[PDB]
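Printed here is data.cif (mmCIF, C-alpha atoms (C1' of nucleotides)):
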```
data_run
loop_
_atom_site.label_atom_id
_atom_site.label_comp_id
_atom_site.auth_asym_id
_atom_site.auth_seq_id
_atom_site.Cartn_x
_atom_site.Cartn_y
_atom_site.Cartn_z
CA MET A 258 -2.44 -147.83 79.35
CA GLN A 259 -3.67 -145.36 81.94
CA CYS A 260 -0.02 -144.91 82.79
CA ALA A 261 2.82 -147.38 83.39
CA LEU A 262 1.64 -149.29 80.36
CA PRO A 263 3.69 -152.25 81.54
CA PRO A 264 2.04 -154.75 79.06
CA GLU A 265 3.01 -157.57 81.39
CA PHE A 266 1.04 -156.05 84.25
CA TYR A 267 -2.22 -156.63 82.38
CA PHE A 268 -2.12 -160.35 82.97
CA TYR A 269 -0.06 -160.05 86.16
CA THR A 270 -3.15 -158.40 87.62
CA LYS A 271 -5.42 -160.52 85.41
CA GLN A 272 -3.68 -163.45 87.08
CA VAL A 273 -4.08 -162.32 90.69
CA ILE A 274 -7.70 -161.61 89.71
CA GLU A 275 -7.52 -165.10 88.30
CA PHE A 276 -6.24 -166.07 91.72
CA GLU A 277 -8.48 -165.16 94.63
CA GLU A 278 -10.44 -162.51 92.71
CA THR A 279 -13.80 -164.33 93.06
CA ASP A 280 -12.30 -167.78 92.42
CA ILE A 281 -10.81 -166.75 89.09
CA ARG A 282 -14.11 -165.45 87.71
CA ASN A 283 -15.09 -162.12 86.16
CA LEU A 284 -16.44 -159.88 88.92
CA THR A 285 -20.18 -159.37 88.44
CA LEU A 286 -21.96 -156.19 89.45
CA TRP A 287 -22.87 -156.37 93.13
CA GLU A 288 -26.44 -157.07 94.25
CA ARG A 289 -29.62 -155.10 94.95
CA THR A 290 -28.50 -153.77 98.32
CA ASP A 291 -32.11 -153.61 99.44
CA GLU A 292 -31.22 -152.27 102.88
CA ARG A 293 -31.21 -148.49 103.26
CA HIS A 294 -28.05 -148.31 105.37
CA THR A 295 -26.00 -149.07 102.25
CA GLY A 296 -23.19 -150.86 104.09
CA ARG A 297 -19.71 -150.79 102.66
CA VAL A 298 -19.49 -154.44 101.68
CA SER A 299 -17.19 -153.33 98.83
CA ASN A 300 -18.78 -155.68 96.43
CA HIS A 301 -18.48 -153.08 93.76
CA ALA A 302 -16.45 -155.15 91.31
CA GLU A 303 -14.31 -152.42 89.77
CA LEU A 304 -13.40 -150.96 93.18
CA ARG A 305 -11.81 -154.37 93.73
CA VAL A 306 -10.28 -154.46 90.25
CA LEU A 307 -8.40 -151.22 90.97
CA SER A 308 -7.42 -152.72 94.33
CA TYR A 309 -5.93 -155.83 92.71
CA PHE A 310 -4.34 -153.47 90.16
CA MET A 311 -2.53 -151.44 92.84
CA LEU A 312 -1.64 -154.53 94.87
CA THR A 313 -0.23 -156.33 91.83
CA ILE A 314 2.07 -153.38 91.07
CA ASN A 315 3.27 -153.26 94.68
CA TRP A 316 3.81 -157.00 95.14
CA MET A 317 5.23 -157.79 91.70
CA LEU A 318 7.41 -154.70 92.07
CA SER A 319 8.30 -155.48 95.68
CA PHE A 320 9.52 -158.97 94.80
CA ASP A 321 10.94 -158.92 91.29
CA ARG A 322 13.82 -160.96 92.70
CA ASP A 323 15.17 -161.58 89.22
CA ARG A 324 15.40 -157.78 89.10
CA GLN A 325 13.35 -157.56 85.89
CA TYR A 326 12.32 -154.00 86.78
CA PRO A 327 15.44 -151.86 87.40
CA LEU A 328 15.90 -149.54 90.39
CA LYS A 329 16.22 -146.45 88.21
CA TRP A 330 13.40 -147.74 86.02
CA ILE A 331 10.59 -147.26 88.52
CA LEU A 332 11.15 -143.56 89.11
CA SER A 333 11.60 -142.95 85.40
CA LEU A 334 8.04 -144.19 84.93
CA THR A 335 7.22 -141.56 87.56
CA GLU A 336 9.17 -138.63 86.12
CA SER A 337 7.72 -139.21 82.66
CA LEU A 338 4.20 -139.35 84.10
CA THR A 339 3.89 -136.60 86.69
CA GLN A 340 1.55 -134.57 84.43
CA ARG A 341 1.51 -133.52 80.76
CA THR A 342 -1.00 -132.45 78.09
CA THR A 343 -3.64 -134.93 76.96
CA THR A 344 -5.08 -135.61 73.51
CA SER A 345 -8.35 -134.85 75.27
CA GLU A 346 -8.14 -137.27 78.20
CA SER A 347 -5.84 -135.44 80.62
CA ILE A 348 -7.62 -132.17 79.82
CA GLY A 349 -10.78 -134.02 80.83
CA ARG A 350 -9.28 -135.30 84.08
CA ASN A 351 -8.37 -131.69 84.83
CA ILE A 352 -12.02 -130.74 84.23
CA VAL A 353 -13.07 -133.43 86.70
CA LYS A 354 -10.35 -132.36 89.13
CA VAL A 355 -12.06 -128.99 89.13
CA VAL A 356 -14.92 -130.21 91.24
CA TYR A 357 -12.39 -128.93 93.78
CA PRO A 358 -13.10 -131.80 96.22
CA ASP A 359 -10.55 -133.16 98.72
CA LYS A 360 -7.67 -130.99 97.39
CA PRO A 361 -5.78 -133.69 95.50
CA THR A 362 -6.21 -131.76 92.26
CA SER A 363 -7.01 -128.42 93.87
CA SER A 364 -3.37 -127.38 93.54
CA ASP A 365 -3.28 -128.66 89.96
CA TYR A 366 -5.86 -125.92 89.85
CA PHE A 367 -3.12 -123.57 90.99
CA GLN A 368 -0.29 -124.97 88.91
CA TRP A 369 -2.28 -125.75 85.76
CA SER A 370 0.61 -126.24 83.32
CA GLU A 371 0.48 -123.12 81.13
CA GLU A 372 -1.59 -124.15 78.14
CA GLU A 373 -3.48 -126.71 80.18
CA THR A 374 -4.54 -123.26 81.38
CA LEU A 375 -5.25 -122.30 77.76
CA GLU A 376 -7.09 -125.35 76.42
CA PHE A 377 -9.05 -125.00 79.65
CA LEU A 378 -10.38 -121.57 78.70
CA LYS A 379 -11.05 -123.00 75.24
CA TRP A 380 -13.26 -125.73 76.70
CA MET A 381 -15.00 -123.09 78.82
CA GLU A 382 -15.77 -120.88 75.82
CA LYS A 383 -17.24 -123.89 73.98
CA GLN A 384 -18.94 -126.04 76.63
CA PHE A 385 -19.77 -123.58 79.40
CA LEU A 386 -21.94 -121.69 76.88
CA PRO A 387 -24.05 -124.73 77.44
CA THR A 388 -24.46 -122.35 80.41
CA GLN A 389 -27.66 -120.34 80.29
CA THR A 390 -29.86 -119.27 77.38
CA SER A 399 -33.01 -112.02 83.57
CA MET A 400 -36.56 -112.74 82.38
CA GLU A 401 -38.83 -109.79 81.50
CA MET A 402 -36.88 -106.96 83.15
CA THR A 403 -38.24 -104.66 80.40
CA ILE A 404 -35.58 -106.00 78.13
CA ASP A 405 -33.47 -103.63 80.26
CA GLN A 406 -31.52 -105.93 82.57
CA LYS A 407 -30.90 -108.10 79.52
CA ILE A 408 -29.95 -105.48 76.95
CA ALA A 409 -27.48 -103.93 79.37
CA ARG A 410 -26.06 -107.43 79.73
CA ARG A 411 -25.80 -107.75 75.95
CA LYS A 412 -23.99 -104.42 75.76
CA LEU A 413 -21.56 -105.53 78.46
CA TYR A 414 -20.76 -108.64 76.45
CA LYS A 415 -20.68 -106.27 73.45
CA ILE A 416 -17.97 -104.57 75.49
CA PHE A 417 -15.38 -107.19 76.45
CA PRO A 418 -16.62 -108.74 73.15
CA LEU A 419 -13.48 -110.67 72.82
CA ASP A 420 -13.58 -114.40 71.94
CA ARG A 421 -10.59 -113.53 69.70
CA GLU A 422 -10.85 -109.83 70.41
CA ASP A 431 1.37 -129.96 65.16
CA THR A 433 -3.53 -129.13 64.43
CA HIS A 434 -1.33 -128.62 67.48
CA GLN A 435 -1.90 -130.89 70.47
CA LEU A 436 -1.78 -134.65 70.12
CA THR A 437 -4.11 -137.61 70.54
CA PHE A 438 -4.29 -140.21 73.31
CA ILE A 439 -2.27 -143.10 71.85
CA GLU A 440 0.26 -140.53 70.63
CA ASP A 441 0.95 -139.36 74.20
CA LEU A 442 0.79 -142.99 75.36
CA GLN A 443 3.34 -144.01 72.74
CA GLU A 444 5.67 -141.14 73.52
CA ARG A 445 5.91 -141.82 77.24
CA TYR A 446 6.29 -145.54 76.57
CA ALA A 447 9.29 -144.38 74.56
CA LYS A 448 10.35 -141.83 77.19
CA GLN A 449 10.98 -144.91 79.30
CA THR A 450 12.62 -146.28 76.13
CA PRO A 451 15.62 -147.10 78.33
CA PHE A 452 14.65 -150.47 79.79
CA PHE A 453 17.30 -152.90 78.50
CA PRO A 469 17.44 -151.22 99.12
CA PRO A 470 15.61 -148.48 101.07
CA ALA A 471 15.42 -146.15 98.08
CA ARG A 472 13.48 -148.41 95.73
CA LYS A 473 10.97 -149.21 98.46
CA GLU A 474 10.54 -145.46 98.82
CA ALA A 475 10.23 -145.07 95.05
CA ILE A 476 7.66 -147.84 94.90
CA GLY A 477 5.59 -146.18 97.60
CA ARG A 478 6.25 -142.99 95.69
CA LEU A 479 4.62 -144.42 92.57
CA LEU A 480 1.70 -146.18 94.23
CA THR A 481 0.51 -142.96 95.86
CA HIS A 482 0.31 -141.47 92.33
CA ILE A 483 -1.94 -144.15 90.86
CA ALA A 484 -3.93 -143.99 94.09
CA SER A 485 -4.35 -140.35 93.06
CA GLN A 486 -5.33 -141.20 89.47
CA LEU A 487 -7.70 -144.12 89.97
CA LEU A 488 -9.07 -142.58 93.15
CA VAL A 489 -9.66 -139.26 91.39
CA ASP A 490 -11.93 -140.58 88.68
CA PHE A 491 -13.81 -142.22 91.59
CA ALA A 492 -15.63 -141.71 94.95
CA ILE A 493 -12.19 -142.21 96.57
CA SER A 494 -12.54 -142.50 100.45
CA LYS A 495 -8.92 -141.55 101.12
CA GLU A 496 -9.26 -144.77 103.10
CA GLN A 497 -12.35 -146.71 101.99
CA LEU A 498 -10.23 -147.00 98.90
CA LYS A 499 -7.67 -148.53 101.25
CA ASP A 500 -10.42 -149.93 103.47
CA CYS A 501 -11.12 -151.66 100.16
CA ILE A 502 -7.39 -152.28 99.86
CA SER A 503 -7.29 -153.65 103.41
CA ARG A 504 -10.22 -155.96 102.66
CA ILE A 505 -8.74 -158.07 99.87
CA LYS A 506 -5.34 -157.90 101.56
CA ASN A 507 -7.13 -159.99 104.18
CA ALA A 508 -8.96 -162.01 101.53
CA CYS A 509 -5.66 -162.99 99.91
CA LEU A 510 -3.76 -164.65 102.76
CA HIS A 511 -5.91 -167.78 102.89
CA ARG A 512 -3.60 -169.81 100.66
"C1'" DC B 1 -10.61 -160.15 114.68
"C1'" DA B 2 -14.78 -159.62 112.59
"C1'" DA B 3 -19.77 -159.08 110.46
"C1'" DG B 4 -24.32 -157.53 111.20
"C1'" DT B 5 -29.76 -154.37 113.11
"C1'" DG B 6 -31.61 -150.14 114.58
"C1'" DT B 7 -31.63 -145.38 113.34
"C1'" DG B 8 -31.16 -138.70 113.11
"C1'" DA B 9 -29.65 -135.61 110.78
"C1'" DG B 10 -27.31 -132.71 107.31
"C1'" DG B 11 -28.03 -130.64 103.32
"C1'" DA B 12 -29.99 -128.29 98.91
"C1'" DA B 13 -32.87 -124.87 96.19
"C1'" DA B 14 -36.63 -121.77 93.80
"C1'" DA B 15 -39.77 -119.15 94.90
"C1'" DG B 16 -41.84 -116.79 98.32
"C1'" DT B 17 -41.65 -113.55 101.92
"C1'" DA B 18 -39.22 -110.47 105.20
"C1'" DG B 19 -37.27 -105.68 106.30
"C1'" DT B 20 -36.22 -101.05 105.18
"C1'" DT B 21 -37.26 -97.42 102.09
"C1'" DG B 22 -39.27 -94.53 99.05
"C1'" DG B 23 -42.19 -92.94 95.77
"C1'" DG B 24 -46.48 -91.65 94.57
"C1'" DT B 25 -50.20 -89.69 93.07
"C1'" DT B 26 -54.05 -90.84 95.60
"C1'" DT B 27 -57.32 -88.73 97.20
"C1'" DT B 28 -60.19 -84.74 99.54
"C1'" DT B 29 -62.95 -82.38 102.80
"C1'" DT B 30 -51.91 -52.61 92.83
"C1'" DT B 31 -58.84 -47.59 90.51
"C1'" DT B 32 -58.83 -47.88 85.93
"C1'" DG B 33 -65.31 -44.52 84.62
"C1'" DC B 34 -69.35 -43.90 85.59
"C1'" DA B 35 -74.03 -41.73 87.94
"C1'" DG B 36 -76.71 -42.43 91.31
"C1'" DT B 37 -78.15 -43.10 96.11
"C1'" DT B 38 -78.18 -43.52 101.63
"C1'" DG B 39 -76.62 -42.10 105.81
"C1'" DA B 40 -73.98 -39.01 108.01
"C1'" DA B 41 -72.46 -34.14 110.34
"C1'" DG B 42 -73.78 -29.89 110.59
"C1'" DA B 43 -76.81 -26.33 110.85
"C1'" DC B 44 -81.34 -23.65 111.41
"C1'" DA B 45 -86.28 -21.31 113.37
#
```
The structure in this file should be written as structure tokens.
Amino acid sequence: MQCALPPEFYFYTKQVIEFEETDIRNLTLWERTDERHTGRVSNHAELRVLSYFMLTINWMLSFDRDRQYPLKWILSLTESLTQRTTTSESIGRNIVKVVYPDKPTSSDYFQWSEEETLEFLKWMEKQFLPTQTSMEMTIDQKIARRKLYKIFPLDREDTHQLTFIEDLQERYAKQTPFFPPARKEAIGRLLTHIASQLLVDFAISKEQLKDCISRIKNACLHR
DNA sequence: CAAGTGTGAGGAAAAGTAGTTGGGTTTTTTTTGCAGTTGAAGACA
């Protein structure tokens, strides 16, 4: 649902997980890494789930010999996605993007699709107040402050936006139209995007991620 | 190709403390009325 809600890909990936994903068994939380060096053994189950997820899309997409997923279909799932409002979710992911980390969302900072800009300032005027309350200062430093806020007073000197499954539905429809080198490029095009998404919620490692990716890649070819 | 010990540092933050100044008391060790009187210069036998 996160994006290319391609209903079939749920058990596609569930199946590869079925496959070599811990001998077709639900990944359990890793162990009590007692050692202080905290080696990257990648046993963090999810990290591998996302890895299988990505892989699945690439493989399945790479070899859909029957041509079940049309050339022009893959990029459509990309055009529809590349941003949009969010019945709360995407607005959230913007708020997380704003930890201004490795500059994958930094520019989103810059762009910030109009309103996204607006509902952002809304969430700042509501949840940033959870900000603070100078002490003593003869009331002085404080009063002055109060006056200043008295000054710019402001805060106002479809209910419009939509929910999550609404947005999800409408892009599933926006791809409503289902029934060589370029598609390979498009596929890589799309995978980078999800890499952005899944990586962005998490500790990324613009390569550990792929280090992780690399790992199971290796794991897999022991058929 | 690959997994596994040993381990040095980089980093964060509130309050304190620095430097540079000033403030700041502190703290501090032009006669206008009167009447008399003395001493004086001057003078004398």
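Contacts from chain B to chain A at a cut-off of 10 Å (only C-alpha atoms (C1' of nucleotides)) map to residues 3, 4, 5 and 7 of chain B.
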Pairwise distance for CA of residue 279 in chain A and CA of residue 500 in chain A, rounded to one decimal in Å: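 Interatomic distance here is 18.1 Å.
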CA of residue 418 in chain A to CA of residue 382 in chain A, distance in Å rounded to a single decimal: 12.5 Å
Box for range 9-15 of chain B - axis-aligned, 3 Å on each of the six sides, all listed atoms - centre and size in Å to one decimal, as AutoDock Vina command-line options.
```
--center_x -33.5 --center_y -127.4 --center_z 102.3 --size_x 18.5 --size_y 22.5 --size_z 23.0
```
The PyMOL selection byres ((chain A and resi 436) around 12) applied to the shown file, residues as a ChimeraX atom specification: /A:341-348,431,433-435,437-444
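The interatomic distance for the pair CA of residue 311 in chain A and CA of residue 295 in chain A works out to 25.4 Å.
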Supply range 316-352 of chain A as a tab-separated table (two decimals), in the frame of the given file, with N, CA and C atoms built in where the input has gaps.
```tsv
chain	number	residue	atom	x	y	z
A	316	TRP	N	3.25	-155.67	94.97
A	316	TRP	CA	3.81	-157.00	95.14
A	316	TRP	C	4.84	-157.29	94.05
A	317	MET	N	4.36	-157.51	92.83
A	317	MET	CA	5.23	-157.79	91.70
A	317	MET	C	6.48	-156.93	91.74
A	318	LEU	N	6.30	-155.64	92.00
A	318	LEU	CA	7.41	-154.70	92.07
A	318	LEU	C	8.27	-154.95	93.30
A	319	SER	N	7.61	-155.22	94.43
A	319	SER	CA	8.30	-155.48	95.68
A	319	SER	C	9.24	-156.67	95.55
A	320	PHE	N	8.73	-157.76	94.99
A	320	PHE	CA	9.52	-158.97	94.80
A	320	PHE	C	9.68	-159.30	93.32
A	321	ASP	N	10.68	-158.69	92.69
A	321	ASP	CA	10.94	-158.92	91.29
A	321	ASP	C	12.37	-159.30	91.61
A	322	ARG	N	12.52	-160.44	92.29
A	322	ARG	CA	13.82	-160.96	92.70
A	322	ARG	C	14.79	-160.97	91.53
A	323	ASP	N	14.36	-161.55	90.42
A	323	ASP	CA	15.17	-161.58	89.22
A	323	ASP	C	15.57	-160.16	88.84
A	324	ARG	N	14.98	-159.14	89.47
A	324	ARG	CA	15.40	-157.78	89.10
A	324	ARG	C	15.05	-157.49	87.64
A	325	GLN	N	13.83	-157.85	87.24
A	325	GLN	CA	13.35	-157.56	85.89
A	325	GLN	C	13.00	-156.09	85.71
A	326	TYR	N	12.66	-155.42	86.81
A	326	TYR	CA	12.32	-154.00	86.78
A	326	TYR	C	13.36	-153.19	87.54
A	327	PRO	N	14.36	-152.66	86.82
A	327	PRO	CA	15.44	-151.86	87.40
A	327	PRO	C	15.16	-150.75	88.41
A	328	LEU	N	16.03	-150.63	89.42
A	328	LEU	CA	15.90	-149.54	90.39
A	328	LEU	C	15.48	-148.18	89.75
A	329	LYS	N	16.46	-147.62	89.04
A	329	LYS	CA	16.22	-146.45	88.21
A	329	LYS	C	15.11	-146.44	87.16
A	330	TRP	N	14.48	-147.60	86.98
A	330	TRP	CA	13.40	-147.74	86.02
A	330	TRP	C	12.07	-147.28	86.60
A	331	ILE	N	11.83	-147.64	87.86
A	331	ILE	CA	10.59	-147.26	88.52
A	331	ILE	C	10.29	-145.77	88.64
A	332	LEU	N	11.31	-145.00	89.01
A	332	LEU	CA	11.15	-143.56	89.11
A	332	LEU	C	11.05	-142.84	87.75
A	333	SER	N	11.64	-143.48	86.75
A	333	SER	CA	11.60	-142.95	85.40
A	333	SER	C	10.13	-142.97	84.99
A	334	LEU	N	9.45	-144.08	85.26
A	334	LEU	CA	8.04	-144.19	84.93
A	334	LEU	C	7.24	-143.14	85.70
A	335	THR	N	7.86	-142.59	86.74
A	335	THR	CA	7.22	-141.56	87.56
A	335	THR	C	7.50	-140.17	87.00
A	336	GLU	N	8.77	-139.92	86.67
A	336	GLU	CA	9.17	-138.63	86.12
A	336	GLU	C	8.43	-138.35	84.82
A	337	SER	N	8.40	-139.34	83.94
A	337	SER	CA	7.72	-139.21	82.66
A	337	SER	C	6.25	-138.86	82.88
A	338	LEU	N	5.60	-139.59	83.79
A	338	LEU	CA	4.20	-139.35	84.10
A	338	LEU	C	3.79	-138.05	84.76
A	339	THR	N	4.22	-137.84	86.00
A	339	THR	CA	3.89	-136.60	86.69
A	339	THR	C	3.48	-135.54	85.67
A	340	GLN	N	2.18	-135.52	85.37
A	340	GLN	CA	1.55	-134.57	84.43
A	340	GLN	C	1.97	-134.59	82.95
A	341	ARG	N	1.33	-133.71	82.19
A	341	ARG	CA	1.51	-133.52	80.76
A	341	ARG	C	0.17	-133.30	80.06
A	342	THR	N	0.21	-132.71	78.86
A	342	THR	CA	-1.00	-132.45	78.09
A	342	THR	C	-1.76	-133.75	77.89
A	343	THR	N	-2.88	-133.71	77.18
A	343	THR	CA	-3.64	-134.93	76.96
A	343	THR	C	-4.53	-134.77	75.73
A	344	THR	N	-4.32	-135.64	74.75
A	344	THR	CA	-5.08	-135.61	73.51
A	344	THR	C	-6.57	-135.61	73.80
A	345	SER	N	-6.95	-134.93	74.88
A	345	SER	CA	-8.35	-134.85	75.27
A	345	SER	C	-8.56	-135.43	76.66
A	346	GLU	N	-7.97	-136.59	76.93
A	346	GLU	CA	-8.14	-137.27	78.20
A	346	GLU	C	-7.67	-136.42	79.37
A	347	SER	N	-6.37	-136.14	79.45
A	347	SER	CA	-5.84	-135.44	80.62
A	347	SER	C	-6.54	-134.10	80.82
A	348	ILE	N	-6.82	-133.38	79.73
A	348	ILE	CA	-7.62	-132.17	79.82
A	348	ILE	C	-8.95	-132.47	80.51
A	349	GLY	N	-9.57	-133.59	80.14
A	349	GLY	CA	-10.78	-134.02	80.83
A	349	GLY	C	-10.56	-134.22	82.31
A	350	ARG	N	-9.57	-135.04	82.67
A	350	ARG	CA	-9.28	-135.30	84.08
A	350	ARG	C	-9.01	-134.01	84.84
A	351	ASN	N	-8.45	-133.00	84.19
A	351	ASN	CA	-8.37	-131.69	84.83
A	351	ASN	C	-9.77	-131.14	85.09
A	352	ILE	N	-10.65	-131.25	84.09
A	352	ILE	CA	-12.02	-130.74	84.23
A	352	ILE	C	-12.76	-131.44	85.37
```
